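Structure file entry_24.cif with mmCIF, N, CA and C atoms:
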data_upload
#
loop_
_atom_site.label_atom_id
_atom_site.label_comp_id
_atom_site.auth_asym_id
_atom_site.auth_seq_id
_atom_site.Cartn_x
_atom_site.Cartn_y
_atom_site.Cartn_z
N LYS I 1 0.83 -1.23 0.00
CA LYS I 1 0.00 0.00 0.00
C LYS I 1 0.85 1.27 0.00
N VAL I 2 0.42 2.26 -0.77
CA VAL I 2 1.09 3.56 -0.83
C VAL I 2 0.19 4.57 -0.10
N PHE I 3 0.60 4.99 1.10
CA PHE I 3 -0.15 5.96 1.92
C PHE I 3 -0.13 7.38 1.37
N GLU I 4 -1.19 8.12 1.63
CA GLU I 4 -1.23 9.52 1.26
C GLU I 4 -0.61 10.15 2.50
N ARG I 5 0.06 11.28 2.33
CA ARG I 5 0.73 11.98 3.43
C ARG I 5 -0.06 12.13 4.74
N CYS I 6 -1.16 12.86 4.69
CA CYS I 6 -1.93 13.07 5.91
C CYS I 6 -2.55 11.80 6.49
N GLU I 7 -2.90 10.86 5.63
CA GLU I 7 -3.47 9.61 6.07
C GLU I 7 -2.44 8.89 6.94
N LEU I 8 -1.17 8.92 6.53
CA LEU I 8 -0.10 8.28 7.30
C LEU I 8 0.15 9.03 8.62
N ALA I 9 0.16 10.36 8.57
CA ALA I 9 0.42 11.18 9.75
C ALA I 9 -0.55 10.83 10.88
N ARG I 10 -1.84 10.73 10.54
CA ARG I 10 -2.88 10.39 11.52
C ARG I 10 -2.74 8.97 12.06
N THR I 11 -2.37 8.03 11.18
CA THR I 11 -2.17 6.63 11.55
C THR I 11 -1.00 6.51 12.54
N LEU I 12 0.12 7.19 12.26
CA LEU I 12 1.28 7.15 13.15
C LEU I 12 0.97 7.79 14.52
N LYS I 13 0.20 8.87 14.53
CA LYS I 13 -0.19 9.52 15.80
C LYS I 13 -1.00 8.54 16.63
N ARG I 14 -1.98 7.91 15.99
CA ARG I 14 -2.83 6.94 16.67
C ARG I 14 -2.02 5.76 17.22
N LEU I 15 -0.93 5.42 16.55
CA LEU I 15 -0.08 4.31 16.99
C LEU I 15 0.97 4.74 18.04
N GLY I 16 0.86 5.97 18.54
CA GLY I 16 1.75 6.46 19.57
C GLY I 16 3.17 6.82 19.17
N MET I 17 3.36 7.28 17.94
CA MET I 17 4.70 7.64 17.46
C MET I 17 5.10 9.09 17.73
N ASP I 18 4.12 9.96 17.97
CA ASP I 18 4.43 11.37 18.20
C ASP I 18 5.19 11.60 19.51
N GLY I 19 6.47 11.95 19.38
CA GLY I 19 7.31 12.19 20.54
C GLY I 19 7.90 10.94 21.16
N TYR I 20 7.82 9.81 20.45
CA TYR I 20 8.35 8.56 20.97
C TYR I 20 9.87 8.68 21.12
N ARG I 21 10.36 8.53 22.35
CA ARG I 21 11.79 8.65 22.65
C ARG I 21 12.35 9.99 22.14
N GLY I 22 11.55 11.04 22.27
CA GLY I 22 11.96 12.36 21.83
C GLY I 22 11.86 12.65 20.34
N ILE I 23 11.29 11.72 19.58
CA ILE I 23 11.17 11.88 18.12
C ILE I 23 9.78 12.36 17.72
N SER I 24 9.73 13.56 17.16
CA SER I 24 8.47 14.15 16.75
C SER I 24 7.86 13.41 15.56
N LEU I 25 6.55 13.55 15.40
CA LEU I 25 5.82 12.93 14.30
C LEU I 25 6.41 13.40 12.96
N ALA I 26 6.71 14.70 12.85
CA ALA I 26 7.27 15.26 11.62
C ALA I 26 8.59 14.57 11.21
N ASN I 27 9.37 14.15 12.20
CA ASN I 27 10.61 13.45 11.93
C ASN I 27 10.36 12.03 11.41
N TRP I 28 9.34 11.35 11.95
CA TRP I 28 9.01 10.00 11.47
C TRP I 28 8.46 10.09 10.05
N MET I 29 7.73 11.17 9.77
CA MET I 29 7.16 11.38 8.43
C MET I 29 8.28 11.64 7.44
N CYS I 30 9.26 12.45 7.84
CA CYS I 30 10.40 12.75 6.98
C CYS I 30 11.14 11.45 6.66
N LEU I 31 11.31 10.61 7.67
CA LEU I 31 11.98 9.32 7.50
C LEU I 31 11.23 8.38 6.52
N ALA I 32 9.93 8.18 6.73
CA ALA I 32 9.12 7.31 5.86
C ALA I 32 9.15 7.77 4.42
N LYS I 33 9.07 9.09 4.22
CA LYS I 33 9.10 9.72 2.89
C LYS I 33 10.37 9.37 2.09
N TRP I 34 11.53 9.58 2.70
CA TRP I 34 12.80 9.31 2.04
C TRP I 34 13.22 7.85 2.02
N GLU I 35 12.73 7.07 2.97
CA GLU I 35 13.07 5.65 3.00
C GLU I 35 12.27 4.84 1.99
N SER I 36 10.97 5.09 1.91
CA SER I 36 10.12 4.30 1.02
C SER I 36 9.14 5.06 0.15
N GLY I 37 8.97 6.35 0.40
CA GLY I 37 7.97 7.08 -0.36
C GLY I 37 6.59 6.68 0.13
N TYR I 38 6.51 6.32 1.42
CA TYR I 38 5.27 5.90 2.09
C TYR I 38 4.67 4.59 1.54
N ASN I 39 5.53 3.73 1.00
CA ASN I 39 5.13 2.46 0.39
C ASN I 39 5.50 1.31 1.31
N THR I 40 4.50 0.54 1.74
CA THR I 40 4.71 -0.59 2.64
C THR I 40 5.37 -1.82 2.00
N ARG I 41 5.33 -1.94 0.68
CA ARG I 41 5.95 -3.12 0.09
C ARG I 41 7.34 -2.86 -0.47
N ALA I 42 7.88 -1.67 -0.23
CA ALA I 42 9.21 -1.35 -0.72
C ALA I 42 10.25 -2.28 -0.08
N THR I 43 11.17 -2.79 -0.90
CA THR I 43 12.24 -3.66 -0.41
C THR I 43 13.50 -3.22 -1.12
N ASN I 44 14.63 -3.34 -0.43
CA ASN I 44 15.90 -2.93 -1.01
C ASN I 44 17.00 -3.89 -0.60
N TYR I 45 17.58 -4.55 -1.61
CA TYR I 45 18.66 -5.50 -1.39
C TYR I 45 20.01 -4.79 -1.42
N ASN I 46 20.81 -5.04 -0.39
CA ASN I 46 22.14 -4.45 -0.25
C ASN I 46 23.11 -5.54 -0.71
N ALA I 47 23.51 -5.47 -1.97
CA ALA I 47 24.43 -6.45 -2.57
C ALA I 47 25.73 -6.57 -1.80
N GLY I 48 26.16 -5.45 -1.22
CA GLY I 48 27.39 -5.38 -0.45
C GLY I 48 27.48 -6.29 0.76
N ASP I 49 26.43 -6.33 1.59
CA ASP I 49 26.47 -7.17 2.77
C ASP I 49 25.39 -8.26 2.81
N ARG I 50 24.65 -8.41 1.71
CA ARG I 50 23.60 -9.42 1.57
C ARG I 50 22.42 -9.30 2.53
N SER I 51 22.10 -8.07 2.92
CA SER I 51 20.98 -7.82 3.81
C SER I 51 19.92 -7.11 2.98
N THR I 52 18.69 -7.07 3.49
CA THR I 52 17.61 -6.41 2.77
C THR I 52 16.85 -5.48 3.73
N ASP I 53 16.42 -4.32 3.22
CA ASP I 53 15.64 -3.35 4.01
C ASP I 53 14.18 -3.59 3.59
N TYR I 54 13.29 -3.69 4.57
CA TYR I 54 11.88 -3.98 4.31
C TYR I 54 10.85 -2.98 4.80
N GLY I 55 9.86 -2.71 3.95
CA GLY I 55 8.75 -1.86 4.32
C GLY I 55 8.86 -0.35 4.33
N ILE I 56 7.84 0.27 4.91
CA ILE I 56 7.74 1.72 4.98
C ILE I 56 8.91 2.41 5.67
N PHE I 57 9.50 1.77 6.67
CA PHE I 57 10.65 2.35 7.37
C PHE I 57 11.98 1.72 6.99
N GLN I 58 11.96 0.84 5.98
CA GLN I 58 13.19 0.16 5.51
C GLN I 58 14.02 -0.42 6.66
N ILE I 59 13.43 -1.36 7.36
CA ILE I 59 14.04 -2.00 8.50
C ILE I 59 14.92 -3.14 8.01
N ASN I 60 16.16 -3.14 8.48
CA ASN I 60 17.18 -4.11 8.04
C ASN I 60 17.12 -5.52 8.61
N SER I 61 17.28 -6.51 7.72
CA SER I 61 17.23 -7.93 8.09
C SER I 61 18.42 -8.49 8.88
N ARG I 62 19.50 -7.72 9.03
CA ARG I 62 20.63 -8.23 9.78
C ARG I 62 20.41 -8.10 11.29
N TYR I 63 19.68 -7.07 11.70
CA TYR I 63 19.48 -6.86 13.13
C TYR I 63 18.05 -6.84 13.64
N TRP I 64 17.12 -6.38 12.82
CA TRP I 64 15.75 -6.19 13.28
C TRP I 64 14.66 -7.17 12.95
N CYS I 65 14.76 -7.84 11.82
CA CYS I 65 13.74 -8.82 11.48
C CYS I 65 14.49 -9.98 10.85
N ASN I 66 13.85 -11.14 10.83
CA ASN I 66 14.47 -12.35 10.27
C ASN I 66 13.89 -12.75 8.91
N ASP I 67 14.77 -12.95 7.94
CA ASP I 67 14.33 -13.40 6.61
C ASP I 67 15.03 -14.70 6.19
N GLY I 68 15.79 -15.29 7.10
CA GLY I 68 16.48 -16.54 6.83
C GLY I 68 17.69 -16.57 5.90
N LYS I 69 17.82 -15.61 5.00
CA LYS I 69 18.94 -15.62 4.07
C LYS I 69 20.02 -14.57 4.34
N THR I 70 19.90 -13.84 5.43
CA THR I 70 20.90 -12.83 5.73
C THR I 70 21.99 -13.40 6.63
N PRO I 71 23.25 -13.40 6.16
CA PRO I 71 24.40 -13.92 6.93
C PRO I 71 24.61 -13.12 8.22
N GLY I 72 25.19 -13.75 9.24
CA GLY I 72 25.44 -13.07 10.50
C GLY I 72 24.29 -12.25 11.06
N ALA I 73 23.07 -12.72 10.82
CA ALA I 73 21.87 -12.02 11.27
C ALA I 73 21.46 -12.27 12.70
N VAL I 74 20.59 -11.37 13.17
CA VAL I 74 20.01 -11.40 14.50
C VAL I 74 18.58 -10.86 14.31
N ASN I 75 17.78 -10.92 15.37
CA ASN I 75 16.40 -10.45 15.31
C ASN I 75 16.03 -9.75 16.63
N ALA I 76 16.42 -8.48 16.76
CA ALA I 76 16.13 -7.70 17.96
C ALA I 76 14.63 -7.50 18.10
N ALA I 77 13.98 -7.16 16.99
CA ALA I 77 12.53 -6.97 17.01
C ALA I 77 11.80 -8.33 17.06
N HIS I 78 12.52 -9.42 16.79
CA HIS I 78 11.99 -10.80 16.82
C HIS I 78 10.84 -11.13 15.83
N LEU I 79 10.70 -10.27 14.83
CA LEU I 79 9.66 -10.39 13.82
C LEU I 79 10.13 -11.06 12.53
N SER I 80 9.18 -11.58 11.76
CA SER I 80 9.53 -12.12 10.44
C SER I 80 9.53 -10.86 9.58
N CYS I 81 10.49 -10.73 8.68
CA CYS I 81 10.54 -9.57 7.80
C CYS I 81 9.27 -9.47 6.95
N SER I 82 8.57 -10.60 6.75
CA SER I 82 7.33 -10.65 5.98
C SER I 82 6.29 -9.71 6.57
N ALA I 83 6.26 -9.65 7.90
CA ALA I 83 5.33 -8.80 8.67
C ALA I 83 5.43 -7.32 8.34
N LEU I 84 6.59 -6.90 7.82
CA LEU I 84 6.86 -5.51 7.47
C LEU I 84 6.51 -5.14 6.02
N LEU I 85 5.82 -6.05 5.34
CA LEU I 85 5.38 -5.83 3.96
C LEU I 85 3.83 -5.82 3.89
N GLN I 86 3.18 -5.78 5.05
CA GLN I 86 1.72 -5.77 5.12
C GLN I 86 1.17 -4.36 4.91
N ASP I 87 -0.11 -4.25 4.59
CA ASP I 87 -0.75 -2.95 4.40
C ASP I 87 -0.99 -2.35 5.77
N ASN I 88 -1.17 -3.21 6.75
CA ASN I 88 -1.38 -2.77 8.11
C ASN I 88 0.00 -2.51 8.72
N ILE I 89 0.29 -1.26 9.07
CA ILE I 89 1.61 -0.93 9.61
C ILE I 89 1.91 -1.12 11.11
N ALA I 90 1.01 -1.80 11.82
CA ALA I 90 1.21 -2.03 13.25
C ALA I 90 2.57 -2.67 13.56
N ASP I 91 2.92 -3.72 12.83
CA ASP I 91 4.20 -4.42 13.06
C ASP I 91 5.45 -3.60 12.69
N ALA I 92 5.35 -2.82 11.63
CA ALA I 92 6.42 -1.93 11.17
C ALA I 92 6.65 -0.84 12.22
N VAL I 93 5.57 -0.39 12.86
CA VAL I 93 5.69 0.63 13.89
C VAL I 93 6.36 0.07 15.14
N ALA I 94 5.97 -1.12 15.54
CA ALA I 94 6.55 -1.75 16.71
C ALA I 94 8.04 -1.99 16.48
N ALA I 95 8.42 -2.30 15.24
CA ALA I 95 9.83 -2.51 14.89
C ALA I 95 10.60 -1.18 14.92
N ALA I 96 10.02 -0.13 14.33
CA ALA I 96 10.64 1.20 14.32
C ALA I 96 10.88 1.70 15.77
N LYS I 97 9.94 1.44 16.67
CA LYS I 97 10.08 1.85 18.08
C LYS I 97 11.26 1.12 18.74
N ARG I 98 11.44 -0.15 18.40
CA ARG I 98 12.54 -0.94 18.92
C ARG I 98 13.88 -0.35 18.44
N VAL I 99 13.95 0.00 17.16
CA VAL I 99 15.16 0.60 16.59
C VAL I 99 15.49 1.92 17.30
N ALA I 100 14.47 2.74 17.56
CA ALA I 100 14.65 4.02 18.24
C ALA I 100 15.04 3.85 19.70
N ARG I 101 14.78 2.67 20.24
CA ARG I 101 15.10 2.36 21.63
C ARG I 101 16.60 2.09 21.87
N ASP I 102 17.37 2.11 20.79
CA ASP I 102 18.82 1.90 20.83
C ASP I 102 19.46 3.28 21.03
N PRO I 103 20.71 3.34 21.53
CA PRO I 103 21.37 4.64 21.75
C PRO I 103 21.41 5.67 20.61
N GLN I 104 21.51 5.22 19.36
CA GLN I 104 21.55 6.13 18.21
C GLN I 104 20.23 6.87 17.99
N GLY I 105 19.14 6.24 18.43
CA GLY I 105 17.83 6.84 18.26
C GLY I 105 17.46 6.95 16.79
N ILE I 106 16.91 8.09 16.41
CA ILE I 106 16.50 8.32 15.03
C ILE I 106 17.71 8.28 14.07
N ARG I 107 18.89 8.57 14.60
CA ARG I 107 20.10 8.58 13.80
C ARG I 107 20.52 7.21 13.27
N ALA I 108 19.84 6.15 13.70
CA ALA I 108 20.18 4.82 13.21
C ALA I 108 19.97 4.70 11.69
N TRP I 109 19.08 5.53 11.14
CA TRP I 109 18.80 5.55 9.69
C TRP I 109 19.64 6.66 9.06
N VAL I 110 20.61 6.28 8.24
CA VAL I 110 21.47 7.29 7.63
C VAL I 110 20.68 8.29 6.80
N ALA I 111 19.58 7.83 6.20
CA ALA I 111 18.73 8.69 5.39
C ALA I 111 18.18 9.89 6.19
N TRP I 112 17.88 9.67 7.47
CA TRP I 112 17.35 10.74 8.31
C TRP I 112 18.42 11.83 8.47
N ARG I 113 19.67 11.42 8.68
CA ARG I 113 20.79 12.36 8.81
C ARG I 113 20.99 13.20 7.55
N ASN I 114 20.93 12.57 6.38
CA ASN I 114 21.10 13.25 5.09
C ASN I 114 19.95 14.15 4.69
N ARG I 115 18.72 13.68 4.88
CA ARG I 115 17.55 14.47 4.45
C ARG I 115 16.66 15.13 5.48
N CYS I 116 16.81 14.79 6.76
CA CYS I 116 15.92 15.35 7.79
C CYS I 116 16.57 16.15 8.93
N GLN I 117 17.71 15.66 9.42
CA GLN I 117 18.41 16.29 10.52
C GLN I 117 18.70 17.76 10.28
N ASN I 118 18.48 18.58 11.29
CA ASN I 118 18.71 20.03 11.19
C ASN I 118 17.97 20.77 10.07
N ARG I 119 16.81 20.26 9.67
CA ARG I 119 16.01 20.91 8.64
C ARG I 119 14.62 21.23 9.20
N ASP I 120 13.86 22.01 8.43
CA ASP I 120 12.50 22.38 8.79
C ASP I 120 11.67 21.21 8.25
N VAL I 121 11.16 20.38 9.15
CA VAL I 121 10.36 19.23 8.75
C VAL I 121 8.85 19.40 8.98
N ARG I 122 8.41 20.61 9.31
CA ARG I 122 6.98 20.87 9.55
C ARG I 122 6.14 20.56 8.33
N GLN I 123 6.74 20.72 7.16
CA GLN I 123 6.06 20.49 5.90
C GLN I 123 5.44 19.10 5.77
N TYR I 124 6.04 18.11 6.43
CA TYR I 124 5.54 16.76 6.34
C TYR I 124 4.21 16.52 7.05
N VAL I 125 3.87 17.37 8.02
CA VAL I 125 2.62 17.23 8.78
C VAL I 125 1.68 18.42 8.71
N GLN I 126 2.04 19.45 7.95
CA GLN I 126 1.19 20.63 7.85
C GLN I 126 -0.11 20.31 7.13
N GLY I 127 -1.22 20.78 7.70
CA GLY I 127 -2.53 20.54 7.11
C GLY I 127 -3.17 19.19 7.39
N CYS I 128 -2.50 18.32 8.14
CA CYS I 128 -3.01 16.98 8.45
C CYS I 128 -3.91 16.80 9.66
N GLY I 129 -4.04 17.84 10.47
CA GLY I 129 -4.90 17.76 11.64
C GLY I 129 -4.33 16.96 12.79
N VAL I 130 -3.01 16.88 12.88
CA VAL I 130 -2.35 16.15 13.95
C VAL I 130 -1.57 17.14 14.83
#
Rewrite the structure of this file - the entire thing - as structure tokens.
Amino acid sequence: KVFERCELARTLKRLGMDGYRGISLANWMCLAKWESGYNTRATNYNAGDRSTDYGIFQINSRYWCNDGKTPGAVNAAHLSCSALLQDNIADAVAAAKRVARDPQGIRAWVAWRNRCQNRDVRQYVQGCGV
């Protein structure tokens, strides 16, 4: 599923993402936008280390979800990576919260540093009623 901007903003608020571990809703929106374009079935294979990023938040198979084919893998979120390709984002949100629970926080996603950090991110949630 490809979410419309405001539709996603309201869904994330309802799922308790606004201000989670100090991360504003606008920051999660900025992340989803650059990671997947708000698409839940987006997948990205990293030929370099043989890992794959899954779903709306592009969660990596080496540490956060299990897909069986990633070398030297672990499963901190303890989820099947398949769960992160559903139209229902409940599981992807629970995984994203686990990632943010690590010391790096939102900085765990390099994309956030390149496209969101130290920028005006209000644009991602303006007009959405959140």
How close does each residue of segment 85-121 of chain I get to segment 54-73 of chain I, giving the shortest atom pair and distance in Å to one decimal for every residue with an atom at most 12 Å away, counting only C-alpha atoms, sorted by chain and residue number, as a Markdown table?
| residue | atom | partner | partner_atom | distance |
| --- | --- | --- | --- | --- |
| I:85 | CA | I:55 | CA | 5.2 |
| I:86 | CA | I:55 | CA | 8.1 |
| I:87 | CA | I:55 | CA | 9.6 |
| I:88 | CA | I:56 | CA | 10.6 |
| I:89 | CA | I:56 | CA | 8.1 |
| I:90 | CA | I:56 | CA | 11.2 |
| I:91 | CA | I:55 | CA | 10.2 |
| I:92 | CA | I:57 | CA | 7.1 |
| I:93 | CA | I:57 | CA | 8.4 |
| I:94 | CA | I:64 | CA | 10.8 |
| I:95 | CA | I:64 | CA | 7.2 |
| I:96 | CA | I:57 | CA | 7.0 |
| I:97 | CA | I:57 | CA | 10.7 |
| I:98 | CA | I:64 | CA | 8.3 |
| I:99 | CA | I:64 | CA | 7.6 |
| I:100 | CA | I:64 | CA | 11.4 |
| I:101 | CA | I:64 | CA | 12.0 |
| I:102 | CA | I:64 | CA | 11.5 |
| I:106 | CA | I:57 | CA | 11.3 |
| I:108 | CA | I:59 | CA | 10.3 |
| I:109 | CA | I:58 | CA | 8.8 |
| I:110 | CA | I:58 | CA | 11.1 |
| I:111 | CA | I:58 | CA | 10.2 |
| I:112 | CA | I:57 | CA | 10.8 |
Rounded to one decimal place, report the atom C of residue 19 of chain I-atom N of residue 119 of chain I distance in Å.
17.3 Å
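Going from atom CA of residue 75 of chain I to atom CA of residue 21 of chain I covers 21.0 Å.
Atom C of residue 84 of chain I sits 7.7 Å away from atom C of residue 42 of chain I.
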Enumerate the residues of chain I with a DSSP assignment of alpha helix (DSSP H), computed from the backbone, and present them as a PyMOL selection string.
chain I and resi 5-14+25-36+90-100+110-115
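Note that DSSP on the backbone gives strand (DSSP E or B) to these residues of segment 3-103 of chain I: residues 20, 23, 39, 43, 44, 45, 46, 51, 52, 53, 54, 59, 60, 65, 66, 79 and 80 of chain I.
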Store the residues of this selection in a file with N, CA and C atoms, as a JSON list (two decimals), in the frame of the given file.
[["chain", "number", "residue", "atom", "x", "y", "z"],
["I", 20, "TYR", "N", 7.82, 9.81, 20.45],
["I", 20, "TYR", "CA", 8.35, 8.56, 20.97],
["I", 20, "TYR", "C", 9.87, 8.68, 21.12],
["I", 23, "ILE", "N", 11.29, 11.72, 19.58],
["I", 23, "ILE", "CA", 11.17, 11.88, 18.12],
["I", 23, "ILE", "C", 9.78, 12.36, 17.72],
["I", 39, "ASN", "N", 5.53, 3.73, 1.00],
["I", 39, "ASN", "CA", 5.13, 2.46, 0.39],
["I", 39, "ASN", "C", 5.50, 1.31, 1.31],
["I", 43, "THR", "N", 11.17, -2.79, -0.90],
["I", 43, "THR", "CA", 12.24, -3.66, -0.41],
["I", 43, "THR", "C", 13.50, -3.22, -1.12],
["I", 44, "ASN", "N", 14.63, -3.34, -0.43],
["I", 44, "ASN", "CA", 15.90, -2.93, -1.01],
["I", 44, "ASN", "C", 17.00, -3.89, -0.60],
["I", 45, "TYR", "N", 17.58, -4.55, -1.61],
["I", 45, "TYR", "CA", 18.66, -5.50, -1.39],
["I", 45, "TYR", "C", 20.01, -4.79, -1.42],
["I", 46, "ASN", "N", 20.81, -5.04, -0.39],
["I", 46, "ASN", "CA", 22.14, -4.45, -0.25],
["I", 46, "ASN", "C", 23.11, -5.54, -0.71],
["I", 51, "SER", "N", 22.10, -8.07, 2.92],
["I", 51, "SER", "CA", 20.98, -7.82, 3.81],
["I", 51, "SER", "C", 19.92, -7.11, 2.98],
["I", 52, "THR", "N", 18.69, -7.07, 3.49],
["I", 52, "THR", "CA", 17.61, -6.41, 2.77],
["I", 52, "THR", "C", 16.85, -5.48, 3.73],
["I", 53, "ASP", "N", 16.42, -4.32, 3.22],
["I", 53, "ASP", "CA", 15.64, -3.35, 4.01],
["I", 53, "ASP", "C", 14.18, -3.59, 3.59],
["I", 54, "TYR", "N", 13.29, -3.69, 4.57],
["I", 54, "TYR", "CA", 11.88, -3.98, 4.31],
["I", 54, "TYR", "C", 10.85, -2.98, 4.80],
["I", 59, "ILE", "N", 13.43, -1.36, 7.36],
["I", 59, "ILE", "CA", 14.04, -2.00, 8.50],
["I", 59, "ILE", "C", 14.92, -3.14, 8.01],
["I", 60, "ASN", "N", 16.16, -3.14, 8.48],
["I", 60, "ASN", "CA", 17.18, -4.11, 8.04],
["I", 60, "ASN", "C", 17.12, -5.52, 8.61],
["I", 65, "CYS", "N", 14.76, -7.84, 11.82],
["I", 65, "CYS", "CA", 13.74, -8.82, 11.48],
["I", 65, "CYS", "C", 14.49, -9.98, 10.85],
["I", 66, "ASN", "N", 13.85, -11.14, 10.83],
["I", 66, "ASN", "CA", 14.47, -12.35, 10.27],
["I", 66, "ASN", "C", 13.89, -12.75, 8.91],
["I", 79, "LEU", "N", 10.70, -10.27, 14.83],
["I", 79, "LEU", "CA", 9.66, -10.39, 13.82],
["I", 79, "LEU", "C", 10.13, -11.06, 12.53],
["I", 80, "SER", "N", 9.18, -11.58, 11.76],
["I", 80, "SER", "CA", 9.53, -12.12, 10.44],
["I", 80, "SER", "C", 9.53, -10.86, 9.58]]
Around segment 100-108 of chain I, fit a box with edges along x, y and z, padding it by 6 Å on each side, then list its centre and edge lengths in Å to one decimal as JSON.
{"center_x": 18.0, "center_y": 5.2, "center_z": 16.8, "size_x": 19.1, "size_y": 18.7, "size_z": 22.2}
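Here the PyMOL selection byres (((chain I and resi 5 and name CA) around 10) and name CA) catches exactly these residues: residues 2, 3, 4, 6, 7, 8, 9, 10, 29, 32, 33, 37, 38, 124, 125, 126, 127 and 128 of chain I.
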Could the residues in this selection be written to a file with N, CA and C atoms, as a compact mmCIF listing (two decimals), in the frame of the given file?
# COMPACT_ATOMS: atom_id res chain seq x y z
N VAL I 2 0.42 2.26 -0.77
CA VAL I 2 1.09 3.56 -0.83
C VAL I 2 0.19 4.57 -0.10
N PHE I 3 0.60 4.99 1.10
CA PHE I 3 -0.15 5.96 1.92
C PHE I 3 -0.13 7.38 1.37
N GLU I 4 -1.19 8.12 1.63
CA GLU I 4 -1.23 9.52 1.26
C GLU I 4 -0.61 10.15 2.50
N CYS I 6 -1.16 12.86 4.69
CA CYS I 6 -1.93 13.07 5.91
C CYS I 6 -2.55 11.80 6.49
N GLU I 7 -2.90 10.86 5.63
CA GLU I 7 -3.47 9.61 6.07
C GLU I 7 -2.44 8.89 6.94
N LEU I 8 -1.17 8.92 6.53
CA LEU I 8 -0.10 8.28 7.30
C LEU I 8 0.15 9.03 8.62
N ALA I 9 0.16 10.36 8.57
CA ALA I 9 0.42 11.18 9.75
C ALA I 9 -0.55 10.83 10.88
N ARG I 10 -1.84 10.73 10.54
CA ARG I 10 -2.88 10.39 11.52
C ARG I 10 -2.74 8.97 12.06
N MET I 29 7.73 11.17 9.77
CA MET I 29 7.16 11.38 8.43
C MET I 29 8.28 11.64 7.44
N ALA I 32 9.93 8.18 6.73
CA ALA I 32 9.12 7.31 5.86
C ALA I 32 9.15 7.77 4.42
N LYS I 33 9.07 9.09 4.22
CA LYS I 33 9.10 9.72 2.89
C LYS I 33 10.37 9.37 2.09
N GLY I 37 8.97 6.35 0.40
CA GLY I 37 7.97 7.08 -0.36
C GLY I 37 6.59 6.68 0.13
N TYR I 38 6.51 6.32 1.42
CA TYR I 38 5.27 5.90 2.09
C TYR I 38 4.67 4.59 1.54
N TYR I 124 6.04 18.11 6.43
CA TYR I 124 5.54 16.76 6.34
C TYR I 124 4.21 16.52 7.05
N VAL I 125 3.87 17.37 8.02
CA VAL I 125 2.62 17.23 8.78
C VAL I 125 1.68 18.42 8.71
N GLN I 126 2.04 19.45 7.95
CA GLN I 126 1.19 20.63 7.85
C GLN I 126 -0.11 20.31 7.13
N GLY I 127 -1.22 20.78 7.70
CA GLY I 127 -2.53 20.54 7.11
C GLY I 127 -3.17 19.19 7.39
N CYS I 128 -2.50 18.32 8.14
CA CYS I 128 -3.01 16.98 8.45
C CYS I 128 -3.91 16.80 9.66
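Each of I:47, I:81, I:25, I:121 was checked against residue 13 of chain I using all atoms listed in the file; the smallest atom-to-atom distance is that of I:25.
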